[PDB]
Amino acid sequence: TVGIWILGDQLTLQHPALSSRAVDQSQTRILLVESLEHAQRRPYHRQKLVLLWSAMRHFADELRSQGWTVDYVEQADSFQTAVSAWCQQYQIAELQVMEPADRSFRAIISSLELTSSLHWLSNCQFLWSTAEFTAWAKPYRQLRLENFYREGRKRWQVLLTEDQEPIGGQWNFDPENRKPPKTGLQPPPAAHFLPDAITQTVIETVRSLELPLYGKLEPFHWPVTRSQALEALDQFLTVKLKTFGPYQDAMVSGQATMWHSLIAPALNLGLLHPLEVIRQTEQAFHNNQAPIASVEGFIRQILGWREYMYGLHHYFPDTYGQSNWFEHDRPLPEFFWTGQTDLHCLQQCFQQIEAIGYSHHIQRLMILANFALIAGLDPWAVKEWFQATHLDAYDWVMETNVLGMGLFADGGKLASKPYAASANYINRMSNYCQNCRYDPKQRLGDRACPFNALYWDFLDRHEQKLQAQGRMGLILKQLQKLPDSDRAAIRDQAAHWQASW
């Protein structure tokens, strides 16, 4: 008998084993396993475990409804235990497994001691294959997102005219997609879904776990099935896509979701495929649902950024997780876990992450990662915290986004420059500072925004290495205007916030 073991982020009906064994349906058995040892590796958001395990159970029933014999092992101790016993029990001869998106997971699988032999199949959940990405990247020492993205537009024939020119007269509309927030404008609402019976049962199961976990269990409103995921997507496309562009980087107090799609957790489980998402987004444009700038804007986040991160996770060395270019080693402040800070920008983020396991991109980069970079925090710790707390989190996307984009911990392999910034950025692109007890225009004293002393001490401390990269000339000239007495005072100020967190 052939076995297929399907993993919790591979919930796709186009799993390759399901396409090849489709003639051999009566001689195949499908396994899915929930592993408590796996969940114990991080203090996971309660909604992450709810989401993943409810999506798994729903997917298993979907597969049965199509004729497949599916054995589901609930709340197992270990993959070793569950998988070995199932293999033994059903005399499985060949265990087909799709290459995990998270490369560290491969070691787990291939270390299992099993009566079956292992037959690896290629991951075909993303647009670019690992081999294709590697071939594209190999010729260059320095990679660039923009070029990769254009190559994507061509290979998948995305938003092109009949003569192969980019629709709207240019490849990239991002310059237009950085307006600050407009006073009084109310975002449209997030898609919400009431848990069904399966989901409810998992909520109860998570509720009673003894593992240390994070954040609120309820209300859980996330899509857990393909059909809900498609609904979420369709609603984003018909309501929000029309203004995704303008306020892409905007942050507003009290507004957790804004004009974002919130499909990443569903995409990252396999319930949606990146191409389908892109094709629907184009169709939306050809149905007059949104301007091209927002249309292209959205697509670039999947065709570009998302593909890029998956590719780099497998292209980079497997030691990339230890990148620490700045030699930062400070522990996270407890406020990352409790949310108890009076830095309003941070508090707002932590509040929504606690409540729904989600912050939007510009929060992740310009509030959270930015803070972690200028505060000198251990990159591994930050990365782990993001991985525990966000419902779209996996190694492939979090190693790259945190260590590459947010923290420049790889020294600029992924990004052009550090995204570090003082309160000038946050006050301009948000309304958070208005409701804050700190002043974004002060640098010293008890009422100064701590971002200011930290950013300027950050520059001072790494002045030499930043100088040698040579993309921060203008910013470093600013540092260079500060006398040694002024930078001493900034350092004392930074030292004070660090001790007071």
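Don't overthink the numbering: it's just position in the shown sequence, from 1.
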180 to 188 set against 276 to 284, stretch whose average Cα temperature factor tops the other in the entry: 180 to 188
Between 103 to 111 and 147 to 155 (mean CA B-factor, as deposited), the higher: 103 to 111
Residue selected from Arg364, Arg306, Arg141, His313 by maximal Cα B factor: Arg141
Residue with maximal Cα B-factor (values as given in the PDB entry) among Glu210, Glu399, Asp392, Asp196: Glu210
Chain-relative CA temperature factor third for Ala290: highest
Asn370 by Cα B-factor - lowest, middle or highest third of the modelled chain: lowest
Third assignment of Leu474 from its chain's C-alpha B-factors: highest
Position of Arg41 among the chain's modelled residues by C-alpha B-factor, lowest, middle or highest third: highest
Third of the chain, ranked by Cα B-factor, where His360 sits: lowest
